[PDB]
Amino acid sequence: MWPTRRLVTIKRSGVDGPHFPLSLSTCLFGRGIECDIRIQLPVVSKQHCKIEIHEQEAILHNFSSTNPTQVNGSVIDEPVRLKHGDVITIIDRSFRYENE
């Protein structure tokens, strides 16, 4: 009853940071408080990226053009499908998508 799809935000290069439980089927990234994944960095956009949770999959929805979100060290031109254990990286922060 606990699929527990957690989004772990790596604090810095080398260690695990605070976790982010998913209460909403839609995850949004950015400075704006409206973002499920609040980020405190002027460079990051209000609606920088978005993870849309599906029956069994998490889907990224990048809006930023100049500074696009990144996955596994790969630039994201448009929304893409994510695999369990995939790593998402923005301008200076990283997020982990784990589906237990």
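Up top is the structure these notes are about.
(A) Seen up close, the sheet that holds strand β1 (residues 5-12). Read from one edge of the open sheet, six strands run β2-β1-β10-β9-β7-β8, paired in antiparallel fashion. Each end of this open sheet is capped by a strand with a single partner; those strands are β2 (15-20) and β8 (74-75). Where strand β7 (residues 70-71) lies against strand β9 (residues 86-89), two bridges are found, and the strand directions are antiparallel. For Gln70, the partnering residue across the bridge sits in β9 and is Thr89.

(B) Molecular detail of the pattern of salt bridges. Counted by the stated rule, this structure contains two salt bridges. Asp16 is the partner of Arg96 in a salt bridge, and the nearest nitrogen-oxygen pair spans 3.4 Å. Of the two residues, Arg96 is situated in strand β10 (residues 94-99) and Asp16 in strand β2; the sequence distance between them amounts to 80 residues. Judged by relative accessible area, which is 25%, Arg96 ranks as partly exposed. When the shortest N-O distance is used, the salt bridge between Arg96 and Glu98 registers 3.7 Å. Exposure remark for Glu98: the relative accessible area of 27% places this residue in the partly exposed category.

(C) How the structure looks around the side chain of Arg5. Mapped onto the fold, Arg5 is located in strand β1. The buried charged residue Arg5 lacks any salt bridge partner; its closest oppositely charged side chain belongs to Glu55, at an N-O distance of 6.2 Å. A polar atom in the side chain of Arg5 sits 2.4 Å from the backbone oxygen of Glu55. Non-local contacts of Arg5, meaning those with residues more than four positions away in its chain, are made with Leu22, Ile53, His54, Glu55, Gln56, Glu57, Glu98 and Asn99.

(D) Examining the side chain of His48 more closely. Within the secondary structure, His48 is located in the loop between β4 (37-38) and β5 (49-53). Only 3.3 Å separates the side chain of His48 from the backbone nitrogen of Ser45, close enough to count as a polar contact. Those residues in contact with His48 that lie beyond four places of it in its chain are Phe29, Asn62, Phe63, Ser64, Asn67, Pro68, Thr69, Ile90 and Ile91.

Cut-offs applied
Residues numbered from 1 in each chain as written, not as in the entry; some residues may be left out. Heavy atoms only, no water. Pairing = 2+ DSSP bridges. Helix = DSSP H or I, 4+ residues; strand = E, 2+ residues; numbered from the N terminus. Salt bridge = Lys/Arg side-chain N within 4 Å of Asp/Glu carboxyl O. Buried < 20%, exposed > 50% of the residue type's maximum accessible area, 1.4 Å probe, protein only. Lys, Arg positive; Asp, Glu negative; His and termini not counted. Polar contact = N/O pair within 3.5 Å; in protein donor to acceptor, adjacent residues only side chain to side chain. Contact = heavy atoms within 4.5 Å.

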